[PDB]
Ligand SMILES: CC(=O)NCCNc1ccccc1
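Encoded as structure tokens, the following chain is the form deposited without the ligand, with no partner shown.
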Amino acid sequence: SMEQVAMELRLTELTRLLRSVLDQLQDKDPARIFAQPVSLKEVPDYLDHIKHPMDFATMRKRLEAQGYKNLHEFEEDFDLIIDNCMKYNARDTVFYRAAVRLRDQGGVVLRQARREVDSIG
């Protein structure tokens, strides 16, 4: 149907926006702390601590299968990245502080993004 197709052109254009957002977000991680999932070989207790791990590559796989239906959903995933790190790591570590920085820098990118998704529909 033509109704289905138009919904599909909207998903596709959300997807194109979200990809840009994810490149922007991930430029605020020059160190690449958050680029890949935590290794269960190198932090074998990780899953006793963190119930829903997240990382930028896992968001990117989801994005390329157009698995994000709106910006809230993508935002939820970004926030897990931050919130998981801030839980597992102590306030005086380079990891915790790299998440605070990514949160504050990420907040701006997502602030305008939210206006573009409401504006362009």
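Residues carry their position along the shown sequence, with the first being 1.
Student: Tell me which stretch, 52 to 60 or 35 to 43, has the higher mean Cα B-factor listed in the entry.
Tutor: Comparing 35 to 43 with 52 to 60, the higher mean C-alpha B-factor belongs to 35 to 43.
Student: Got a sec? Mean C-alpha B-factor, which is higher, 24 to 32 or 78 to 86?
Tutor: Stretch with the higher mean C-alpha B-factor: 24 to 32.
Student: According to the PDB entry, is the CA B factor of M2 in the bottom, middle or top third of its chain, that is, lowest, middle or highest?
Tutor: For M2, whose C-alpha B-factor we compare with every modelled residue in the chain, the answer is the lowest third.
Student: Splitting the chain's C-alpha B-factors into thirds, which one does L11 fall into?
Tutor: Within its chain, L11 is a middle-third residue by C-alpha B-factor, going by the deposited values.
Student: Select lowest, middle or highest to describe the third in which the CA B-factor of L102 falls within its chain in this entry.
Tutor: Ranked within chain, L102 CA B lands in the middle tercile.
Keep in mind the form deposited with the ligand bound is missing from the figure; the text below concerns it.
Student: Counting 3 or more ligand atoms within 2.4 Å of any backbone or C-beta atom as blocked, would the ligand, superposed onto this chain from where it sits in the deposited bound form, find the site open or blocked?
Tutor: With the ligand superposed from its pose in the deposited bound form, the site reads as open.
Student: Can you tell me whether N89 touches the ligand? I mean in the deposited bound form, with a 4.5 angstroms heavy atom cut-off.
Tutor: Yes.
Student: Give a yes/no on whether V43 approaches the ligand to within 4.5 Å in the deposited bound form, heavy atoms considered.
Tutor: Yes, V43 lies within 4.5 Å of the ligand in the deposited bound form.
Student: Verify the contact flag for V38: yes if a non-hydrogen atom of it lies within 4.5 Å of a non-hydrogen atom of the ligand in the deposited bound form, no if not.
Tutor: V38: yes, in contact with the ligand in the deposited bound form.
Student: For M59, is any heavy atom within 4.5 Å of the ligand in the deposited bound form, or not?
Tutor: Answer no; every heavy atom of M59 is more than 4.5 Å from the ligand in the deposited bound form.
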